[PDB]
Amino acid sequence: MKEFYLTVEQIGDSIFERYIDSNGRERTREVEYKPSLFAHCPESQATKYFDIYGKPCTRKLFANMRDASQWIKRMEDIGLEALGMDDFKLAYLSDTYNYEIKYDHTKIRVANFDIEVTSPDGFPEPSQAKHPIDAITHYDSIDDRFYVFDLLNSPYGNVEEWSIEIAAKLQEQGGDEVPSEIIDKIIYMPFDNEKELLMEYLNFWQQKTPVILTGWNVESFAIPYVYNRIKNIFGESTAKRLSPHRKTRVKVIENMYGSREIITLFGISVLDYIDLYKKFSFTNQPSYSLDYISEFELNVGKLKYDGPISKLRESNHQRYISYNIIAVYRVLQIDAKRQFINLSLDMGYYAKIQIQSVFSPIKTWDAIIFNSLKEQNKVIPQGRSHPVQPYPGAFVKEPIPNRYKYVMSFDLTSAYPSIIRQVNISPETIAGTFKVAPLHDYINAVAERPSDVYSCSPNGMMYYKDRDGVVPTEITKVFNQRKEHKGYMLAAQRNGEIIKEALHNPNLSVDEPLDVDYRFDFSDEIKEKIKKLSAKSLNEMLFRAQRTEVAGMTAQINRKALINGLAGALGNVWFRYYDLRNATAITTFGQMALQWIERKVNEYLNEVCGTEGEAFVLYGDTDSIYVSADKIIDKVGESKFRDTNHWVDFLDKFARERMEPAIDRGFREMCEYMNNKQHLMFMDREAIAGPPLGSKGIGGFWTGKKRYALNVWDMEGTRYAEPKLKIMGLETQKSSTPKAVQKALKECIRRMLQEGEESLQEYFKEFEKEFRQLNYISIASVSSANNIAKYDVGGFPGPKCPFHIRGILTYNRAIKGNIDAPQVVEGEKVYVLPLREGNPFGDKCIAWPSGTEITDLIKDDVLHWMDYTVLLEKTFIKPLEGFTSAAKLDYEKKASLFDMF
DNA sequence: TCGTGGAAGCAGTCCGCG
DNA sequence: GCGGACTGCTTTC
Ligand SMILES: [Ca+2]
Ligand SMILES: [Ca+2]
Ligand SMILES: [Ca+2]
Ligand SMILES: [Ca+2]
Ligand SMILES: [Ca+2]
């Protein structure tokens, strides 16, 4: 096999590298890597190295890395550019792996671990590490085993061994329901004392040294805790054995308000699953507890126990250990679904970076672009300092608030990346400027043509047309990967809908799910077999299709994010190729494209309808348009349609055969006007939306910018078995809105769009009547809580104190003098509830950590004093009043003359 | 919330508005 | 009560 790196570090003048050799063995080597950097030289001097602008460079070979670093400083002192890759380990990987890396995940040791620490005096601070570590479960991907290190004797209790037999039993038999599929993979080791536990853990770690290290909050909790605990007991030299090169560094992580410490383990790549999840999942959750996320992702019930976690070991050590094991497995289950480790390895090896650098799109792109340019003997520019400056972004049309019955949407495929490719926007392709007219003059095609030589953006920039820039070239490669995976995602999605249809008529039989590849549209033969399957087999096939869809979503959406991040990186001052001329060239061209095509679509439709000045485009945001299709439906007449699916077919065909060709002609003209390098503005139909045929549903509504709801029958070619709501911006989509309120508001919207005013009124009346029965957590608002200290004046709210912060201060007064009461953590999320006048908490609201029950100390009082009237008014009635007034609809029946009978 | 970008909505504070 | 200026938070692209 081809060799591939596992990890790489610079330690002084050595590169330390762990790698898989040509026989598939893990190896480690220290290399006295001599880096090269570059300086501009005279033309007369012959060379093969040129900067991205075509100016010649001399290569300077250094005796070691420290000499290279010192040279960069002196070049700054002198006032001259020091060119080349200044992150020497990236240069080392470029030299050592000068080919497309093919990696084999089965040879990469992925470790997933979790620790337990009993603490009677509140949260066990990792920087102090003053309490024993009393359990570690460490899953190893190469062994496929859960290694359980269990402390039997501690100053907080002596306990009996954990029983695998009880662990396996049902909760109803008094067991822990440790899943049967992992029971045989558990390797259980009990210890008489903590010192032996940890010494054995370190020996184990040396034998089975993680390459990728993950878990839940491992970077902020488990890793620093283990390191500092070992450090306190044995000294630093022993704690440093967690690094395969015996080197660690406390790293200070700064943000706007405050900072925290982590431990950098040289030669390990830590990918904390909480951070993977936050970056790659595209959710926003009200809580990031593993229990909460596990329930959300896997539909597994929360891990239940009696009493506080600080007494769980002593009261029920059996359950304590089982829950530590299950916690590790839950993360593995999330990853089996979401495949974020796979994504990380893919992108890391593609860019040739430390795998943990996948968290930084700037680092990722710097490496991709460096490797690309190096292949052509080109030399990257030095990074420079820039002051942060604001710059303009997208255009958003102000919609007229209203119901909108029939709607077709269209938007550009990978808009900003396509603009980069079309215009040829790159650091080295800048050809000059032209005199800009107002944007409006380009939109209406009255401005002078910018150039007859170069490719232009309406911000005044011109670009070469003779050759692609490195940014277009590399962005295209990832775009093509993205497109492949999106294809698999949409096929799986379409396949899912076939199974849902078939589930209407399941067969009374015993059979098996079909062995198929859900990434490809089902053949006719597969469709026929599906129609004969049992509900059991169908449901298993649906689950598998949906997992295939998720896998495709992860792969495509994060490649989309990476390429969009490159457009964004051009406006980040730390990026080697930062240039507001290029970032603004993209955004300003986008504003033009949207408004240009709005004008073309209105012109086209006014022509087919034989009108003038009518607005068919009702909305658009960045790269999208929403087109009213009422007149198109009315030209055929609603009476002529057999069913909903018939007019959906008709609109689909109209979009594909009339609108899209008009749109494409419109954009081809714009390409020629701007003299661009290649026409790549592809604006495909997204959604077909409307009410069910013959219903009194309104189909859709907008309340304002970034706030609308649509009843969609077809999305990017997926014809749904049941209509799906596309809701953007409304309270149903916000993590701050109470869970039960999201649900009720969504049902109000479904009724408005599908059934009509009367249905909406029936549901409102019932929700208003019953909502006081809802569980307090389900009707709590949610908010992130920053700057708690700034607004804390002797335990009471200071000037301008935010409502949620006030709630936290109320909570803190109510639990004062309790070391064991859950503390609200700066920067994390809280549930918030309003309190009625004259309550014992002495204020109008209270807040507590999200994803948790409020401590029993005060729960009963909170329940008694909860202000249901305020909660209803604020979170449900106010937003619903906004929806219905926009839609010209009443949520309460107005009186009429018929009342007099 | 360490980690690409800008646009823009709503809640709530403070306080004006005769 | 409603809005503007401002902060805080959140979402949509
Ligand atoms: Ca735990
Ligand atoms: Ca798009
Ligand atoms: Ca059937
Ligand atoms: Ca869009
Ligand atoms: Ca599309």
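Chain letters run A, B, ... following the sequence lines, proteins first and then strands; every chain starts at 1.
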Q354(A) CD to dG3(B) P: how many Å, rounded?
18 Å
Can you check whether any acceptor in the base of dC2(B) is under 3.5 Å from a donor in the side chain of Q356(A), or vice versa?
no
Does any pair with a residue in residues 802-813 of chain A pass salt bridge (charged side-chain N to carboxylate O under 4.0 Å, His left out), and if so which ones, sequence neighbours excluded?
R806(A)-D843(A)
Residues in residues 777-793 of chain A with a heavy atom under 4.0 Å of DNA chain C, by number, are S783(A), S784(A), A785(A), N786(A), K790(A), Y791(A)
Would you indicate what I262(A) reaches in the nucleic acid, counting non-hydrogen atoms under 4.0 angstrom: base, sugar-phosphate, or nothing?
base
Please report, rounded to the nearest Å, how far the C1' atom of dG8(C) is from the CD1 atom of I805(A).
9 Å
Check: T732(A) side chain, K746(A) main-chain N or O, donor-acceptor pair, under 3.5 Å
no
Contacts of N255(A) that satisfy side-chain contact (heavy atoms from CB on, under 4.5 Å) - sequence neighbours left out
none
Pick base, sugar-phosphate or nothing for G571(A), based on heavy-atom distances below 4.0 Å to the nucleic acid.
sugar-phosphate
Step through it carefully: locate the ring centre of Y708(A), locate the ring centre of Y626(A), and say whether they are under 6.0 Å apart.
yes
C1' gap between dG8(C) and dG3(B), integer Å:
22 Å
In whole angstrom, what separates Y257(A)'s OH from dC2(B)'s P?
17 Å
Decide if the gap between the ring center of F221(A) and the ring center of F123(A) is smaller than 6.0 angstrom.
yes
List for me each residue that meets side-chain hydrogen bond (donor to acceptor under 3.5 Å, both in side chains) alongside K560(A), sequence neighbours excluded, and say none if there are none.
none
Students often get this wrong, so: under 4.0 angstrom with heavy atoms, is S735(A) touching a base, only sugar-phosphate, or nothing?
sugar-phosphate
Atom-pair distance (CG on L276(A); P on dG3(B)), nearest Å
16 Å
Please produce a list of atom pairs where a protein N or O lies less than 3.5 Å from an N or O of nucleotides 7-12 of chain B.
residue	atom	partner	partner atom	Å
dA7(B)	OP1	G393(A)	N	3.0
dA8(B)	OP1	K705(A)	NZ	2.8
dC10(B)	OP1	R707(A)	NE	3.4
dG12(B)	OP1	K874(A)	NZ	2.7

With north meaning a positive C1'-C2'-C3'-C4' (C3'-endo side) and south a negative one (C2'-endo side), sort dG6(B) into one of the two.
south
Roughly, in whole Å, what's the span from CD in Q389(A) to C1' in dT4(B)?
18 Å
Quote, to the nearest angstrom, the P distance that separates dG6(B) from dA5(C).
23 Å
Output the rounded distance in Å from CD (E881(A)) to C1' (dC2(C)).
15 Å
Testing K486(A), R482(A), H485(A) one by one against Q556(A) for a side-chain hydrogen bond (donor to acceptor under 3.5 Å, both in side chains), which residue passes?
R482(A)
Categorize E254(A) for me: base, sugar-phosphate, or nothing, with a 4.0 angstrom heavy-atom threshold over every strand shown.
sugar-phosphate
Could you go through residues 380-395 of chain A and list every donor-acceptor pair under 3.5 Å that involves a side-chain atom there, pairing it with any protein atom two or more places apart or in another chain?
residue	atom	partner	partner atom	Å
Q382(A)	OE1	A82(A)	N	3.1
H386(A)	NE2	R384(A)	O	3.4

Tell me whether the rings of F575(A) and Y577(A) are parallel (<30°), tilted (30 to 60°) or perpendicular (>60°).
perpendicular
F359(A) CZ to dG3(B) P, in whole Å, measures 12 Å
Rounding to the closest angstrom, what is the interatomic distance between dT4(B) and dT7(C) at atom P?
26 Å
Select one nucleotide: of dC9(C), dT4(B), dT10(C), the one nearest the side-chain heavy atoms of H804(A).
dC9(C)
Could you check whether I362(A) gets within reach of a base, just the sugar-phosphate, or nothing at all, counting any heavy atom under 4.0 Å?
sugar-phosphate
Check whether any side-chain N or O of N284(A) sits under 4.0 Å from OP1 or OP2 of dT10(C), and answer yes or no.
no
Side chain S409(A), main chain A687(A), donor-acceptor under 3.5 Å
yes
Please state how far atom CG in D272(A) lies from atom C1' in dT1(B), giving the value in whole angstrom units.
13 Å
